[PDB]
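Just the one chain here, laid out as C-alpha cells, in the form deposited without its partner chain.
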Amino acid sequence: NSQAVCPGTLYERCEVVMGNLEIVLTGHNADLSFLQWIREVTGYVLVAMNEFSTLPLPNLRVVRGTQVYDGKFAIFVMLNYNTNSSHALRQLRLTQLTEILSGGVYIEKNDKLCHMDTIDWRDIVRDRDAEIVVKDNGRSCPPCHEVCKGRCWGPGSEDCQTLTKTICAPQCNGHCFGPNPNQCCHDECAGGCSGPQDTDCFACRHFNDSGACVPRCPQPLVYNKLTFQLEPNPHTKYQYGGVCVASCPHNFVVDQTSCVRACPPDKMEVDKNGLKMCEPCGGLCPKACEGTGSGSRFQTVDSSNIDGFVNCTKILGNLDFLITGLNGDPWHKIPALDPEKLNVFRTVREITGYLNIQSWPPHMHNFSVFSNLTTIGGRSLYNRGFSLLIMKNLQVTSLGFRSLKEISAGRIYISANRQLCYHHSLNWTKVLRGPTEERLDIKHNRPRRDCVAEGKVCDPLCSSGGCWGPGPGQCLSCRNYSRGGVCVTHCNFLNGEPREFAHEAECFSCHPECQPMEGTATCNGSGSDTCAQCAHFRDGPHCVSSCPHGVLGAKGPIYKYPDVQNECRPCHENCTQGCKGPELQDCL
C-alpha cells in the first residue's frame, strides 16, 4: 500500500524522498524516468557534473531543506557540461516547483542551461533572507513562450512558471491561499495552500497521513470509552520522517511510534507476530561472548582476556578459572588477575558448556559473582564428563549460585573444598537433569558435622530442597511464600504494608491505587481493576490517580471529571480543555 517514501543516499513510484536527492557524475544516456513521481524532497537537490540534457522532475512540488548544501542552498545545480563535446544539461523541467521551505537556490556555470534567468525564484523560496545565485549559464537561450509571461522552465507553452504566492492578510502570518482575511491556510501547513483544509497544503508542518496534514500520526494506544483504558490501535501508523506510514520501509524496524534503522542501545529487536519492533531490555541487553577452554584457545580466564566479558549475559562455550590465570604467569608474564574484575561475571545468566573453578581469590568466600547464573548447559564437558567442577577451593564457605535452576547435562564435581558448607542438604535432582544415578563426585569438603555444629545449615524458611548459603535468599525454594526471591513467612493479605496478593507461591504488591482495606483482602491481583476499593478516583472499572484529561481517543481527546462519588464522567459535549463538572459553566 503506497509506500510513497524512499531514502536519499529516488526510485520507481516514490513520491516523497526522505533525505537529499543527489545526482552527480551521471552520463548523458542515464535513464532518469524513475524520478517521475517525486513530489517532495525533504533534503536538498544537488545536480552536478552530469551530461544528460534534461532533468525530468515534472511532479516535484516541494523542497523542504531540512538539510542544505553548502550551508545555504536547497537547490544546487552546478557545472553540468562536458568541454570537448556538446553533451550538457539544457533544461530543468521543474514545472510544478511550488515552494522551498528552507534555504536558497544556486544555479551557476551550467553552460547549456536555459531559462533560469527567467524564474521568479523569490516566489518559490519561503525564506526571505535566503540566497539566490543564478548566473553564468545560458548564453543565447530561446525566449519563453508567449503564454508564460516571461517566466519558464523551457521553451514550450506548458513549461511555464506559475506565481503561487499572494499578499497575506496580517491575520494569516504568510500562510494563505488568497489575499482576503477569509483565506488563511490550515495551521498544519508549512507554506501555502490551495484552500483552508489540512488536505489542501502544499507541504505539512509536522506529519502527513494519506494526504492530510496532522500534528501526530495515529497513535499506538487509544482511549476506549467502553473499556475505560488505553487499547491497541488497529489504525496505528508509524513515523518515517514526517510521513505516517502503515508499515516501515522494509528493513527498518519500529521503536514505539517511530521507524528506525536499528534499535536504541537500551532495547532489542523482538518480532511480534511478524512485526519487527524494539522492546526494552529488562536491565541490560542479551550479549553472548565466546568462553574459555577447548574450542577457544584461552585455556583460562586471565588478566589479559577478562574484559572481553564485560556486559556479557550468555557464554558461548565454557568458563575455566585456573591458578595461572588467577595468580598470573610471571614467566610468559600475564600479570596477576585483579579480583574485583571478577564482578564482570555478575551479569552472566547462561553458560552453554561447563563451569570450572579450580582457583578463587582467597578473600571472596563464595561464588556469588554468579548469583545470576541460571543455566549450565553442559553441551561441552570437562575432564570426566563434568559440567560443573569446583575443586580445591580452600577459602570458600558457600556456593552462592543463588539463581541456578538447571544443569542440563554432565556431572557435578565438588571436592577438596575443605571449608565448604551449605551443600550437604542440597537436593541436586531438582537442579540436575537426566538420570540421577552415577552423577555426583562430592567428597572431602568440610565435614557435615562441622557445618552443623557451627550453625552453617540452611535457613528454616528453605524447603527440604536445600540452600546455596545462609539466609532466606539462598534457598533453592521456599517453604511457603517468597517476596523478591526472598523466602518469607506470609503475605500482607489483611494488614501490613504494602498490601499484597499471592500468585502461585509468590507475594506481589497490590496496585498503588487500591485502598488498603483493614482485615480484608485489598485486591485479587496486580491490576487496578482488581482492588476492593479505589483510593482516589474510579474510571469505569479502573482505580486511577486522576481522571482522564486529554488522553487521545478515536474521535479526538477524552476529558473527564470526578463525580460526587468520585467516579469519572465525561465533560460537556461542548467543551475544549476540560472541566470541573458536568455543567456548561464548568468547562476550560
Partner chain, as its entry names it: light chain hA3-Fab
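Residue numbers count along the first chain shown, from 1.
Quick note: we don't show the form deposited with its partner chain bound, though the next part is all about it.
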- Query: Of the listed stretches (458-466, 165-173, 219-227, 282-290), which one has a non-hydrogen atom within 4.5 Å of its partner chain in the entry with it bound?
  - Reply: 165-173
- Partner proximity in the entry with it bound: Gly178 to its partner chain, non-hydrogen atom cutoff 4.5 Å: yes
- Might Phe202 be said to contact its partner chain in the entry with it bound, defining contact as any heavy atom within 4.5 Å? yes
- Spell out, yes or no, whether the shortest heavy atom distance between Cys193 and its partner chain in the entry with it bound is within 4.5 Å. yes
- Message: I'd like to know whether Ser477 contacts its partner chain in the entry with it bound, with contact meaning heavy atoms within 4.5 angstroms.
- Response: no
- Message: To verify the annotation, which of these, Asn492, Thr236, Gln183, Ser368, has a non-hydrogen atom within 4.5 Å of its partner chain in the entry with it bound?
- Response: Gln183
- Pick from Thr436, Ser247, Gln96, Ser403: which has a non-hydrogen atom within 4.5 Å of its partner chain in the entry with it bound? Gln96
